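What follows is the residue order along each chain.
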Amino acid sequence: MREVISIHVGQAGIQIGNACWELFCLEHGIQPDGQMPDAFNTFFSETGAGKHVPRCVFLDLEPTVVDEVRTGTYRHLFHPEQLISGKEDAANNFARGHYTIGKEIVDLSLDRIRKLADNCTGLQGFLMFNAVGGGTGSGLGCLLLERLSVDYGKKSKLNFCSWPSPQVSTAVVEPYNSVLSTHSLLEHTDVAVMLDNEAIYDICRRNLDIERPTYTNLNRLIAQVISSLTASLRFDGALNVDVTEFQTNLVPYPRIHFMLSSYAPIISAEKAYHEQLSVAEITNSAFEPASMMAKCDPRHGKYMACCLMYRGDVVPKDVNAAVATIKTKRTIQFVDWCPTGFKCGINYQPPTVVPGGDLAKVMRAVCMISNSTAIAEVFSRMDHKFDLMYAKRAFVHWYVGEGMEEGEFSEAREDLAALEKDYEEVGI
Amino acid sequence: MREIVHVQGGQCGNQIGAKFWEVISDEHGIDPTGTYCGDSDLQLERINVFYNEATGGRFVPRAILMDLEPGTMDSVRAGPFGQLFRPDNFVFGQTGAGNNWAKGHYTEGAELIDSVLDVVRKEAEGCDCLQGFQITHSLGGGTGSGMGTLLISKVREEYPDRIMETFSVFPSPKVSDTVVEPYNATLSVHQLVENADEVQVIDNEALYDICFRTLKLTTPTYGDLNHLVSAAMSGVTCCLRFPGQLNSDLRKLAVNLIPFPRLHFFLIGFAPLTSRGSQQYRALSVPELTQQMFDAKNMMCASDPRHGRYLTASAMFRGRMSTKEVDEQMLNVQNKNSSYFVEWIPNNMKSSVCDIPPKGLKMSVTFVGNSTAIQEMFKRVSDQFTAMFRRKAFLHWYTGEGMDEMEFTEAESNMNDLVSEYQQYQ
Amino acid sequence: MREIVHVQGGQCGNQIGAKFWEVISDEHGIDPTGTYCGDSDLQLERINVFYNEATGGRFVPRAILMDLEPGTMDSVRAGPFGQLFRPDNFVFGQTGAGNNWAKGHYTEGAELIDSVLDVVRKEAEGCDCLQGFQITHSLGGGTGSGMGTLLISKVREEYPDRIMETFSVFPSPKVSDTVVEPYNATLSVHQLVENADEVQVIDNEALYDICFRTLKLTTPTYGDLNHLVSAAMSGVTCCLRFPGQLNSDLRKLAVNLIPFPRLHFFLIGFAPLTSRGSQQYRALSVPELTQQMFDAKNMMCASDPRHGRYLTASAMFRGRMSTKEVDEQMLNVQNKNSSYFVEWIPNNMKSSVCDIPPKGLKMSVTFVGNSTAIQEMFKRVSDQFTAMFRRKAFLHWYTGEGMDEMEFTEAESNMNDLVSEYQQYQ
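Residues numbered from 1 in each chain as written, not as in the entry; some residues may be left out. Chains lettered and ligands numbered in written order. Part of a larger assembly, values for the part shown. Heavy atoms only, no water. Residues with missing side-chain atoms left out of burial classes, pairs and counts.

- For this deposited structure, the header cites cryo-EM as the method used and 9.3 Å as the resolution.

This is the structure:
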């Protein structure tokens, strides 16, 4: 009917997808076996006697993280050939993900995607989840998106990049992988949403009061953002929003599609005790500049287009009252050529809480996805890192011996330089 | 007799139209299952204006429900008074115009317009001679503003001399959804100034103002806002369905409001509108109706009427009421607030009296006025349009999808000419 | 017919005005639940002067309640006769003018006057034809003297020809609270002499004398003090509400007792006033009433009238009573006290007899006087003002809210000439 196809590439994609599919199963009330005891058709298919299989593919070059899904609780939820694993790791190399080992699994991946997409017309789009800091997430991510652009041309392609942090790295060669990925996802994606790890680290320190969080706590918060994004496809609402709606409403120029996301409220079970979660204050905390999910303070940018997804016990008059206060607040800055800069979407179904998680049951929530010119600094910062390391050719011999040519560094750098000049020209 | 064919387009149009059929069924005494109850001749004698006999004695609306996204049509069917509509009159789409006027009008609107136009012709040719068409849609969206205005163009080519009334909601002034509002609005107006006979403007923000300060309703949902618009929709067409002392149909309203064919944009008002607490305090009389109807605080357009002059205005009264106070109060409002009416028209006001009030009230009035204070709305859309167009912002979604750069310049030129024609009379 | 709109400002005004809605309520026989009890036509014939029908049979006061703190508004609704008022006639402030005339008139009152003038226009224009407005406030306070005097200026701009009868309670002669008394008094008076038609002054020191020496109460509360002032405030407008041998209105009193437009400050008195023990002992006659009426110890103004001359004076008698003894005693007092009257207006006295006395008496009188002994107040406030202005004490809050030094000099000059023009005719 209308459905969306999720692609998870890399270890980051898979572990985010594990949390994402746990939330989707619990909100529609299907058990890990796959059968519940037709609005939800957008994420699950039908296999005979009442039983539902997800519309996703898991892709990884190591066997490790995909075999651990295969032996977990969700053995029979996923189709056995939706979880594709290769033999050897890409090993933090962009060149390995495209030219050496990437070609052997992309053909098998496209066969699965074609079989899963030709059940219906009215395919809404694709969701990609990947890390640009890695080898297989960045390298094979590009190769799949080049292949998808050739076959499925006009379909909407949303990307969720787990972007490298300014301070915390967990890799040394990630400035190389990130600049090469951004060059090649610029001409392949429609909308790219920037997620940073240390942004969610600081959110969970102050809001959830978790001093020592893990990746499993991060991925729950990411899953709540995706749930709020695609809530309108699944549930009935007062003002619904599609997947194809974002590209008409958020991206003003073809190259400018890099955004910043936020979710509010993120409140603990003890913390909910004392607080009225009013529509006015959950929208104030969404725009509160410290509470971004990308570690870019939006005081040093201008907002260009902004999309608010209300979910829950939300009356439309309090949305209009709350967004008017934001516009009149003079520390929030808008670009001159975009006088009206809001899309509001309101859904009825409240956010579902995972048992034994860290979030509390809340009656209403906001997910905000905005385009701003503050993303200029997150591209300048890797560009400072990239020049400092490429100037005397560190780590280059791993890439050039692996199957790509010296010069793709130079081409990717000038493409990023072109993107930086584009953000500067749009602001003035 | 005479018939109105109803066409309901977009998510906004479908849920405004779903509650329209709730109020008209209630006033004609139709059970949601389609039967009649109420045992009165006056309800039933003129029912073919909105309904069709179905040889099982049930009445089916002459409504065509049209959308590109199958979500909102499921919602209308599942709700109360949802089993009333004919299932063949639903025309689904699969893809959805993502707030893009291009895909509403040109590319995805084209493959569905053949399907909807077949159904409209089946209903239109079915009667002796129909009176006209009424469309409820939105101009800030894609499928209401794009495909709804395409339908207006096609039906005016086929049936040129029939009346065409449009209940259209506009972008709100202050805070406003769907960031490409001025692209959608400006492109839809120039396709609607040439092809619609009377256009009646609604804002959501004006309706929120009404429900806060007059109705004193604490949590107004879109059910309550649509109920207010449906009240005004029934008041324009009272005289077709019920007898009265002075009848006025839609063409009577058209000949009496619009001096020049280019200017046909109307402000809509309804009275009385009182809170539950203040219902029992008020003297519900013709002088009170006329005071409440001439407020900026009561108009369902976000355009302050005292900043302009009323070119021509009309008041459709309902109930058992005395006609001299219908006449003398309309004289009273012209004389005392003399600065707000234009000079080269003597006796600007039109009155019609119908004998059947809405259910639960004793007397009501609906106001349709051609004001030149609607210049303020077209200037607000036009300067927002010129803000974005100079920088070529969000243009590649439109220009890449099968229109040209020149249609935007034509749209701005046609709407700036509409601004200029209003300015010469004030 | 004729209606008086009653408009209340400040904590003092609202506690004084709560007792007006007690003493008028029981004289017209209105139940605090809204209904009427007392089965007599004469109370009910002329009730639109202070009340409005509410189509439930209940009577709602024509009262406008305005304050900048909700604290005294909580007191009004909680007490007896507190359910009578319409809640929409209540208008609140949240911040409170902290005894600053500047923020009562300029800063805090600016955002609230738009709301309260809306409520007054709903009541004023809502009737057939209005007579006048009456105001209760203070001069010593911020929210009574600032926002109440701004309302007088704003409503005079809309309704120039209607009467204004105002109770302002003055700063105390001997000991006064609220250290900015002369800044609130002098700043209010120069706008009150240009915008008020009649002002009759009340002093708290005067009421302390009355309740001690005449009423012989050991513990006079402000419940009891406001009850005494409210008794006289019924008496000046009584003859509008009940028929009589010789009728009088406020405009009857206005044309007669103000000889020149600048001097319209009045003294009030009341008789009879005897203690609880001496109700059974005193012989209630018109000769004894006129002896109590021409006494400084009956006056509700803390002045000695024997130090000056009564320019013009008036006595509104109430009760079924013989008119000769009304007329001959007024002649008797003018012949005996030759030097206490002015010479070049012969027969200075006005009498009016209304036939229905207040409840619990058989005969009563309410006394107004335009005296030139009111120079004691204006000189006493002016030299307290002049002393505190010479070295610029407390000016920086009033300069802080957007005044100048020049408005203070004008305020002194406008009131200093008022002192001289009383002295000119003494």
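Additional details are given in the paragraphs that follow.
1. A look at the overall build of chain B
Alright, step 1. Within chain B one finds 16 helices and 13 strands.
Alright, step 2. Computed over the C-alpha atoms, the radius of gyration of chain B is 21 Å, within 12% of the 22 Å expected from 2.2 N^0.38 for a compact globule of 426 residues.
Alright, step 3. Projected onto its principal axes, the C-alpha positions of chain B cover 60 × 55 × 45 Å.
Alright, step 4. In chain B, of all internal contacts separated by at least 6 residues, the share reaching a separation of at least 24 is 81%. (Helix = DSSP H or I, 4+ residues; strand = E, 2+ residues; numbered from the N terminus. Rg over C-alpha atoms; globule rule 2.2 N^0.38 Å. Contact = heavy atoms within 4.5 Å.)

2. Section: the overall build of chain A
Alright, step 1. The helix and strand tally for chain A stands at 15 helices and 10 strands.
Alright, step 2. Scaling as 2.2 N^0.38, a compact globule of 428 residues should have a C-alpha radius of gyration of about 22 Å, and chain A matches this with 21 Å.
Alright, step 3. Projected onto the principal axes, the alpha-carbon positions of chain A cover approximately 60 × 60 × 45 Å.

3. Examining the UniProt feature "domain: Tubulin/FtsZ 2-layer sandwich" (unreviewed entry) in chain B
Alright, step 1. Cross-referencing UniProt, the feature "domain: Tubulin/FtsZ 2-layer sandwich" (unreviewed entry) maps to residues 246-383 of chain B in the present numbering.
Alright, step 2. Spanning residues 246-383 of chain B, this segment combines 28% helix with 24% strand, and its end C-alpha atoms are found 43 Å apart. (UniProt positions renumbered as here; feature names shortened; annotations may be inferred.)

4. A closer look at the sheet that holds strand β7 (residues 163-169) of chain C
Residue and element names in this part refer to chain C.
Alright, step 1. Spatially, the 11 strands line up as an open sheet ordered β5-β4-β1-β6-β7-β8-β10-β13-β11-β12-β9, and their pairing is mixed. Among the strands making up the open sheet, the edge pair consists of β5 (90-91) and β9 (244-246).
Alright, step 2. Bridging between strand β1 (residues 4-9) and strand β6 (residues 132-138) involves five bridges; their strand directions are parallel. Residue pairing for β6: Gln-8 is matched across the bridge by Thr-136. (Pairing = 2+ DSSP bridges.)

5. Concerning the pairing of strand β13 (residues 364-371) of chain C
Residues and elements named next belong to chain C.
Alright, step 1. When you tally the buried positions in β13, you get eight out of eight residues, the bulk of the element.
Alright, step 2. Pairing of strand β10 (residues 265-271) with β13, which is carried by five bridges, proceeds in the antiparallel orientation. When the sheet's bridge partners are listed, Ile-268 is paired in β13 with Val-368.
Alright, step 3. Pairing geometry for strand β11 (residues 310-318) and β13, over eight bridges, is antiparallel. (Buried < 20%, exposed > 50% of the residue type's maximum accessible area, 1.4 Å probe, protein only.)

6. Remarks on the interface of chain B and chain A
Alright, step 1. Facing the 33 residues of chain B at the interface are 38 residues of chain A.
Alright, step 2. Looking at the side of chain B that touches chain A, the elements with two or more residues in it are α1 (10-28), α8 (204-213), α14 (375-389) and α15 (396-399) of chain B.
Alright, step 3. In terms of residues, the side of chain B that touches chain A owes the most to one element, α14(B), which gives three residues.

7. Comments concerning a nonpolar patch on the surface
Alright, step 1. Together, A:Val172, A:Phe395 and A:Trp398 give the surface a local cluster of nonpolar side chains, amounting to about 340 Å² of exposed area.
Alright, step 2. If you trace the backbone, A:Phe395 turns up in the loop between α13 (375-390) and α14 (396-400). (Patch = residues over 30% accessible without salt bridge, like charges linked within 9 Å, V, L, I, M, F, W, Y side chains within 5 Å. Areas by Shrake-Rupley, 256 points an atom, 1.4 Å probe, with all protein chains shown as cover. Salt bridge = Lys/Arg side-chain N within 4 Å of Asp/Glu carboxyl O.)

8. Describing the sheet that holds strand β4 (residues 63-66) of chain B
Backbone-to-backbone hydrogen bonds pair the strands of a sheet. The strands run either parallel or antiparallel.
Residues and elements named next belong to chain B.
Alright, step 1. If you trace the 11 strands from one edge of the open sheet to the other, you get β5-β4-β1-β6-β7-β8-β10-β13-β11-β12-β9, paired in mixed fashion. Both edges of this open sheet fall to β5 (90-91) and β9 (244-246), since each of them pairs with a single strand only.
Alright, step 2. Sitting on the sheet, helix α12 (residues 286-293) is in contact with β10 (265-271), β11 (310-319) and β13 (363-371), with an inclination near 35 degrees to β13. (Axes fitted to C-alpha atoms, helices over the stretch in contact; angles between N-to-C directions.)

9. So, the UniProt feature "binding site: GTP" in chain A
Residues and elements named next belong to chain A.
Alright, step 1. As recorded in UniProt, the sites labelled "binding site: GTP" are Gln-11, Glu-62, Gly-135, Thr-136, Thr-170, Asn-197 and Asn-219.
Alright, step 2. The class of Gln-11 is partly exposed, set by a relative accessible area of 42%.
Alright, step 3. Along the polypeptide, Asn-197 turns up in helix α7 (residues 197-206).
Alright, step 4. Overall, the relative accessible area of 25% leaves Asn-197 in the partly exposed class.
Alright, step 5. Non-local contacts of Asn-197, meaning those with residues more than four positions away in its chain, are made with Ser-162, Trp-163, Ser-165, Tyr-215 and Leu-218.

10. Comments concerning the UniProt feature "active site" in chain A
Alright, step 1. Mapped onto this numbering, the UniProt entry gives "active site" at A:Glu245.
Alright, step 2. With respect to the element layout, A:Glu245 can be found in helix α10 (residues 245-250).
Alright, step 3. Dropping the residues within four chain positions of it, A:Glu245 is found in contact with A:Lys343, B:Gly98 and B:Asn99.

11. Considering the arrangement of the chains
Alright, step 1. With two pairs of chains in contact overall, the greatest share of contacts is found between chains A and B.
Alright, step 2. The two units chain A and chain C remain apart, with a minimum C-alpha distance of 19 Å.

12. Structural notes on the side chain of A:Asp60
Residues and elements named next belong to chain A.
Alright, step 1. Within the fold, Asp-60 resides in strand β2 (residues 56-60).
Alright, step 2. For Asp-60, the side chain forms a polar contact with the main-chain nitrogen of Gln-11, separated by 3.3 Å.
Alright, step 3. Sequence-distant contacts of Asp-60, that is, excluding residues within four places in its chain, are made with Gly-10, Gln-11, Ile-14, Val-65, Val-66, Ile-84, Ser-85, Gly-86, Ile-105 and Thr-136. (Polar contact = N/O pair within 3.5 Å; in protein donor to acceptor, adjacent residues only side chain to side chain.)

13. What to know about the packing of aromatic side chains
Alright, step 1. In the structure shown here, the tally under the stated rule is 74 aromatic pairs over all chains.
Alright, step 2. Consider the rings of A:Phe129 and A:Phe160, whose centres lie 5.1 Å apart with planes at 15 degrees: the pair is stacked. Remark: A:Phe160 occurs in strand β5 (residues 156-163) and A:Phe129 occurs in strand β4 (residues 123-130); sequence separation between them is 31 residues.
Alright, step 3. Taken together, a centroid distance of 6.0 Å and an interplanar angle of 65 degrees make the contact between A:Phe287 and A:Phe342 edge-to-face. Of the two residues, A:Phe287 sits in helix α11 (residues 279-287) while A:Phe342 sits in strand β9 (residues 342-347), which places them 55 residues apart along the sequence.
Alright, step 4. On the basis of relative accessible area, A:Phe287 is assigned to the buried category, the value being 4%.
Alright, step 5. Residue classification places A:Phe342 among the buried positions, given a relative accessible area of 0%.
Alright, step 6. Pairwise contacts between aromatic rings join C:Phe20, C:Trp21, C:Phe50, C:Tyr51, C:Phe59, C:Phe85 and C:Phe90 into one cluster.
Alright, step 7. Its end group placed over the ring of B:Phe212, A:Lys317 keeps NZ or CZ at 3.7 Å from the ring centre.
Alright, step 8. Across from the ring centre of B:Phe389, 5.7 Å away, lies the NZ or CZ of B:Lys392, which sits over that ring. (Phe/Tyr/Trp six-rings, centres within 6.5 Å; stacked < 30°, edge-to-face > 60°. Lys NZ or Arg CZ within 6 Å of the ring centre and 35° of its normal.)

14. Concerning the environment of B:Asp74
All names here are of chain B.
Alright, step 1. Within the element layout of this structure, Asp-74 appears in helix α3 (residues 70-78).
Alright, step 2. Note on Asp-74: relative accessible area 35%, which makes it partly exposed.
Alright, step 3. The spatial distance from the C-alpha of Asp-74 to the C-alpha of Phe-90 is 9.9 Å, given a sequence separation of 16 residues.
Alright, step 4. A distance of 3.2 Å separates a polar atom in the side chain of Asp-74 from a polar atom in the side chain of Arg-77.

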